[PDB]
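Working notes for the structure below.
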Amino acid sequence: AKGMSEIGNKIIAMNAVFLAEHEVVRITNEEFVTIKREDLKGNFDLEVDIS
Amino acid sequence: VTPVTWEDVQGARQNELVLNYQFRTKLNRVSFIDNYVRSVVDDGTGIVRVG
Amino acid sequence: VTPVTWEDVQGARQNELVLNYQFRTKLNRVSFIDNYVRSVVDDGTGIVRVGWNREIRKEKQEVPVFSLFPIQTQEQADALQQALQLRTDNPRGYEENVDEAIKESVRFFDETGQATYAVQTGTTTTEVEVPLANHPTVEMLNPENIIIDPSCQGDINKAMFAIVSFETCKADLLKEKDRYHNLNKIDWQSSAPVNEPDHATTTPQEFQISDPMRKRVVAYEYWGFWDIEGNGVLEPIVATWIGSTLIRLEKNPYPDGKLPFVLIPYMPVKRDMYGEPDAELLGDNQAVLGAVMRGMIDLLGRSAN
Amino acid sequence: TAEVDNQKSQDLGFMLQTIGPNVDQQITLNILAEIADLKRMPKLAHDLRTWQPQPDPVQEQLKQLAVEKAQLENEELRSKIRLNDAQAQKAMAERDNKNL
Amino acid sequence: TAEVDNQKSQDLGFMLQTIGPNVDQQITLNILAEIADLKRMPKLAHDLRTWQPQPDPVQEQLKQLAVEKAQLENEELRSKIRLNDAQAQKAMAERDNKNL
C-alpha cells in the first residue's frame, strides 16, 4: 500500500509542473487551483492512499 | 458506459446504445465470447484483431 | 419482444403477438423444441433452415359495385363517423357487422374525405387471388444433406455458398406459378431418392407413389453470393436444379440478404463451425465399463448352480 | 453484469429515500428516470424526463384572489382607524356645549 | 420464461410503489396496463389504457360557484370600506355644528 502512495506523491508533484492549466480543465471540468512551486517539497495539503 | 464528469452524461448514453447495438446485431456475441475465453485458456494468451 | 427506444413500444407489442401466434398454430412447438435440442446434443451441432410458405390460389368471385351519392340529410351522415369510430376502437368488430355499402362510404371518405351514400346497383365477376398458407416455416436439416463453405474461417456469416438437398413433389413445386421454369423437361423416374445415395433420408428405398403429381424427387438449392455483373460486386442469389437441369435462378428474396441457415454448436471449437458432442470424451469410458459388466455376467452365467 | 446493475438501482433508491422529495421535482424525476432505464423501461423513462405539471387556471385565480384579499383587510383596518378617531374627535367637539 | 416474467411484474409494482400515484394518472394507468398483460388479462389491460374519468356536472357548478364566492367577499370588503369612511366623514361634518 505504501509503495503506491510513494508513486502517487511523485506523480502529483510532476502534474503540478509538467501539465498546463487547460489540460487539467479539460480532464476536470472545474476551476483550476494552483500550488506554489517552492511548496512542492512538502505534501502539506494532500494525502495519498489506495481506494 | 459511465460519464467521467457531470457534462458527459449525454455522451455516455448515446455511445452505450450504439456500442451495444453493434455487438447485438453485427456480431455473434455468444460465439465471440466462447472463442475469446477458449483461446486464452488453451493457448495461454489471446490476441484480438480490431478492424 | 422488447423495444429499444421509447418510440418502439407499439412495434414491440405488435410483432410479439404475431410471432407467438405463428409458432402456436402454424408449427408444432413441442416437437420442434425436442428435435432442436436432440439434434445439437447428439450430432454436436444443430442446423436450422428458415423458409417462407405461400400457397395463394386464384379465385373467381362476383364483386358488387355501389353507386355513390352525396349526403341527402344529416340523419344518415352520422353513420359514416360511427363506422370510423367503431373501426378505430375495434377493427374486428367493424369488419363483421358494418354494412358493405357503409364500408364503401368510409372507403371513399379515406380517399377523399367526401361523405357519400352508397347504393348497390350492379355487380361483376372479377378475378381475385385468395391468400392461403401464408406463414413462415422452420426445419431441421440433416448435417449430411447440407454442405457449407470450408473457407468460412469458422463463421457462417463469411461463408460464400451453401448447398442443401431436400425432397419435394411436383404438386409442391406447382404451389408457385412462376418461381420455376422448364419444369416439363425433367423426368419423374430418374433423380429419385432410390437413385440418389448421397442424400440421407428415412424414406424406404422400396417406397414409391404411382401418382406422378405426388412423386418424390430430390432437389438441390444453392444459396450464396455471386458476381452476377461484370462490375465486380457479389450479390446474394438462390439457384435450384433437379436432375442436372436448372429450373430456378434469382436473387435472394428475403430482406435479410444472407443465408437463411443458423448454426448452433453444443461445445464450440476454437475458430470452427461444428462443435463437439459429449460422445467425444466418453469413447474410452464406455468401452471400459462394458468390459467389466460382461465379465461379471460371464462369471455368474458360466458357473454351475 | 446483473449484480452491479441491480445494486446500482438500490443506491438510486437510497439516494431518493435519503433526499427529501420536496427539495426539487427535477432532481426526483431524473433519479426515477435512471431507475427506469436500469429496469429496461425506455417508454416510462422518456415520460418521466419529459413530464410537466398540469396548469390549473382556476387555482391561479383563487391563489391571486387570496393575495388581494389580505390587501383589502389591511385597508379595512386603516378605514376603521380613520373612523375611530373621527368618533373621538366628534366626542371632543360635543364637550364644548357641556363645559362652556 | 416465467422467472423473468414474474420478476418483471415485481419491478413494475416497485416502480408504482416508489413513484407517488398523484404525479400523473396516465403514468399510473400505463404501469397497471403492463402488469395486466404480464398476468395475461387482455380485457383488463385494454380497459385501463382506455379508461377516462367520469365527468361530474354538478361538481363543476359547485367548483365554479366557489370561485365567484371569493370575488364577492372581496367586493364586500370594498363596499364596507366605502361605508367606513362615509360614517367618519359624516361624523366630521357634524363637528362644525358643535365647535362653531
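Rule-based calculations on the coordinates, nothing more; no lab input. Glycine gets a Cβ as well: all are built from the backbone with ideal geometry, and neighbour counts include every protein chain shown.
Of the strands (runs of 3 or more DSSP E) lying entirely inside region C:168-252, those containing at least 1 residues that are out of contact with any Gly (no Cβ under 8 Å at 6 or more places or on another chain) and among the basic types (K, R) are C:246-251.
Yes/no per residue for (1) surrounded by 12 or more Cβ atoms within 10 Å (Cβ to Cβ); (2) of a type outside the set (D, E, K, R); (3) more than 23 Å from C:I237 (Cα to Cα):
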residue: C:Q120; (1), (2), (3): yes, yes, yes
residue: C:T124; (1), (2), (3): no, yes, yes
residue: C:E127; (1), (2), (3): no, no, yes
residue: C:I156; (1), (2), (3): yes, yes, no
residue: C:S165; (1), (2), (3): yes, yes, no
residue: C:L173; (1), (2), (3): yes, yes, no
residue: C:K177; (1), (2), (3): no, no, no
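If you take the residues of region B:20-49 that are closer than 23 Å to C:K258 by Cβ and among the hydrophobic types (A, V, I, L, M, F, W, C), which of them is farthest from the other protein chains (Cβ to nearest Cβ)? Looking at residues that are closer than 23 Å to C:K258 by Cβ and among the hydrophobic types (A, V, I, L, M, F, W, C), I get B:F23. Of the candidates E:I31, E:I35, the single residue that is within 22 Å of C:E16 (Cβ to Cβ) and touching a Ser or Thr at 6+ places or on another chain (Cβ under 6 Å) is E:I35.
Checked against the criterion of being over 17 Å from the mean Cα position of the chain (by Cα), part of a strand (DSSP E or B) and touching a residue at least 24 places away in the same chain (Cβ under 8 Å), the candidates C:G51, C:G46 yield just one match: C:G46. Scan region A:22-51 for residues that are among the acidic types (D, E), surrounded by fewer than 10 Cβ atoms within 10 Å (Cβ to Cβ) and not in a loop (DSSP other than H, G, I, E, B) and the total you get is 1. Answer yes if at least one residue in region C:201-217 is among the aromatic types (F, W, Y) and under 14 Å from C:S165 (Cβ atoms), and no otherwise. No, there is no match, as no residue in region C:201-217 is among the aromatic types (F, W, Y) and under 14 Å from C:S165 (Cβ atoms). Scanning region C:209-233 for residues that are free of Cβ contacts under 8 Å to residues at least 12 places away in the same chain and either among the aliphatic types (A, V, I, L, M) or surrounded by 12 or more Cβ atoms within 10 Å (Cβ to Cβ) (or both) turns up C:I209, C:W226, C:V233.
Only one entry in E:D24, E:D5 is more than 27 Å from D:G20 (Cβ to Cβ), of a type outside the set (F, W, Y), surrounded by 11 or more Cβ atoms within 10 Å (Cβ to Cβ) and out of contact with any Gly (no Cβ under 8 Å at 6 or more places or on another chain), namely E:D5. Return a yes/no flag: does region E:78-99 have any residue that is in a helix (DSSP H, G or I), within 7 Å of another protein chain (Cβ to nearest Cβ) and either polar (S, T, N, Q) or touching a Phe, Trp or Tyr at 6+ places or on another chain (Cβ under 7 Å) (or both). Scanning region E:78-99 turns up at least one residue that is in a helix (DSSP H, G or I), within 7 Å of another protein chain (Cβ to nearest Cβ) and either polar (S, T, N, Q) or touching a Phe, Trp or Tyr at 6+ places or on another chain (Cβ under 7 Å) (or both). For the condition in a helix (DSSP H, G or I), within 7 Å of chain E (Cβ to nearest Cβ), within 14 Å of E:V67 (Cα to Cα) and under 35 Å from the mean Cα position of the chain (by Cα), D:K69 qualifies.
Filter region E:33-61 down to residues that are within 12 Å of another protein chain (Cβ to nearest Cβ) and of a type in the set (A, V, I, L, M, F, W, C) and give me whichever is farthest from D:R49 (Cα to Cα). Result: E:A45.
If you check C:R29, C:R38, C:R87, C:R24 for being within 30 Å of C:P255 (Cα to Cα), of a type in the set (D, E, K, R) and either in contact with a helix residue (DSSP H, G or I) (Cβ under 7 Å, 6 or more places away or on another chain) or surrounded by 11 or more Cβ atoms within 10 Å (Cβ to Cβ) (or both), only one passes: C:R29. For region C:250-283, the set of residues classified as over 25 Å from B:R49 (Cβ atoms), surrounded by 14 or more Cβ atoms within 10 Å (Cβ to Cβ) and either of a type in the set (S, T, N, Q) or free of Cβ contacts under 8 Å to residues at least 40 places away in the same chain (or both) consists of C:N252 only. Per the conditions (1) exposed (fewer than 14 other Cβ atoms within 10 Å of the Cβ); (2) within 14 Å of chain D (Cβ to nearest Cβ); (3) not small (G, A, S), the sole criterion not satisfied by C:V9 is (1). With the structure loaded, tell me whether C:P260 is within 18 Å of the chain's Cα centre (by Cα) and more than 21 Å from C:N182 (Cβ to Cβ) or whether it fails that test. So C:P260 fits the description; yes. All of E:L72, E:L32, E:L83, E:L65 fail the test of being among the aliphatic types (A, V, I, L, M), under 30 Å from D:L62 (Cα atoms) and surrounded by 11 or more Cβ atoms within 10 Å (Cβ to Cβ), apart from E:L83.
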